[PDB]
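This report concerns only the one structure given below.
Residue indices begin at 1 and follow the sequence shown. Note that these values count all heavy atoms, side chains included, but never hydrogens, waters or copies made by symmetry.
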Amino acid sequence: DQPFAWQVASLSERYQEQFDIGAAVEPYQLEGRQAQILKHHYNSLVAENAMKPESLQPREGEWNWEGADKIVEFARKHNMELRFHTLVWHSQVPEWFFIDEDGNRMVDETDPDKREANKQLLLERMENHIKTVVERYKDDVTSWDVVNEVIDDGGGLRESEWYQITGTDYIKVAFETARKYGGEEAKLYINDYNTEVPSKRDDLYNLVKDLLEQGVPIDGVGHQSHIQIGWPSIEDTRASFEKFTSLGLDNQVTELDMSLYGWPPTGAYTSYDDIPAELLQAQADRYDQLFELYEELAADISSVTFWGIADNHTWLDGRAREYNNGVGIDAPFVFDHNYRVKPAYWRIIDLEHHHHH
Ligand SMILES: [Ca+2]
Ligand SMILES: [Ca+2]
Ligand SMILES: [Ca+2]
Ligand code: NI
Ligand code: NI
């Protein structure tokens, strides 16, 4: 019978002098056992949802700070670093950004001179969003996800509304604006998933390299690390970290979780007791090797953030349900759905160093 997360040695303490250990949170998780676990095991936080653009500015000038403020106050009180997710993102983006002053959709404008006017209007709206958020939280955020998921999985840039209306200029202007109002001390990240896939890694590298050569202020790369038990490979993960280090960039692991399933997560288990112990052991073996890699590359990695706390709250549950006709759970963390430690906890708290040849 495994002990509860509040009864075992601290993860963040184990990784002192190597990297911070972070968790994604909701404001309603900052009480009770989840808050107890946060304070005991983590020294960095990120808002799972309360700081995304539609949460903060759902309508132009309608600012919703309360939930984000609660996370900031918790980080202040318990000496936790805070990442910011996220200033600019194509996902669930507030539609009002992309509507011109006549009420028409900018993406559909066919007149060239009007398209140029839309580009300037949209960039001003983006600048004002970044300015307002950075001015409020500058002294509380130590890593800014300035742009998120701007590379397409099929190659090249993601053809979101941001890209259709502004080209790459929204990326350039976002970093310049975050630097302007955050100051030279703000640490500015480009965040993405599947950064271990060589073709996507290379596209992100080529984009960031070109931007750096133009003077765009970029300090690091966020690797979301939504991974599986058998994918991606340790060697591809190593290759990706090193390539961005070669540009002088920090690496952060920003949204780590290890699904029990492939992609798509078909054939998900409908109850936690249906999970075979051998599957949690395989997860433990993989987490061991993953954090062994992180230790080897600790000079290149400033923080490792899990996209949640314990298995009772993860976006992977909704992903399982999406692909299994509305039913299904996932178990991606080192703490299980009752807050008891899993085999993976023991394998990343330990000091084992005998290799696995
Ligand atoms: Ca480090
Ligand atoms: Ca779950
Ligand atoms: Ca280990
Ligand atoms: Ni720190
Ligand atoms: Ni090992």
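- Open room surrounds NZ on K180; 12 or fewer heavy atoms of other groups in view lie less than 6.0 Å from it.
- Residues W6 and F335 place their aromatic rings such that the two centres sit no closer than 6.0 Å.
- Between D311 and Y339, every side-chain heavy-atom pair lies at or beyond the 4.5 Å cut-off.
- Side-chain atoms of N148 and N191 include a donor-acceptor pair closer than 3.5 Å.
- Taking 4.0 Å as the cut-off between side-chain N and carboxylate O, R105 and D108 count as a salt-bridged pair.
- Between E81 and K187, none of the side-chain N atoms (NZ, or NE/NH1/NH2) sits under 4.0 Å from a carboxylate O, so this pair counts as no salt bridge.
- With sequence neighbours left out, the ring-ring contact (aromatic ring centres under 6.0 Å, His included) criterion links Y42 to no other residue.
- Remark: the backbone N or O of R340 is not paired with any side-chain donor or acceptor of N338 at under 3.5 angstrom.
- A salt bridge links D219 to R179: one of the charged nitrogens lies within less than 4.0 Å of a carboxylate oxygen.
- The number of heavy atoms from other shown groups lying within 6.0 Å of CD (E295) is above 12.
- Side chains of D285 and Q281: a donor on one and an acceptor on the other come within 3.5 Å.
- Contacts of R201 classified as side chain to side chain donor-acceptor pair (under 3.5 Å), with partners at least two apart in sequence or in another chain: none.
- For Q283 (side chain) and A331 (main-chain N/O), a donor-acceptor pair under 3.5 Å exists by modelled atom type.
- Remark: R238 engages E296 in a salt bridge, criterion side-chain N to carboxylate O under 4.0 Å.
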Working for side chain to side chain donor-acceptor pair (under 3.5 Å), residues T195 and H223: CA-CA 6 Å; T195 62; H223 307 252; 2.8 Å; yes
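- Under the rule for a salt bridge (charged side-chain N to carboxylate O under 4.0 Å, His left out), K131 has no partner lying at least two apart in sequence or in another chain.
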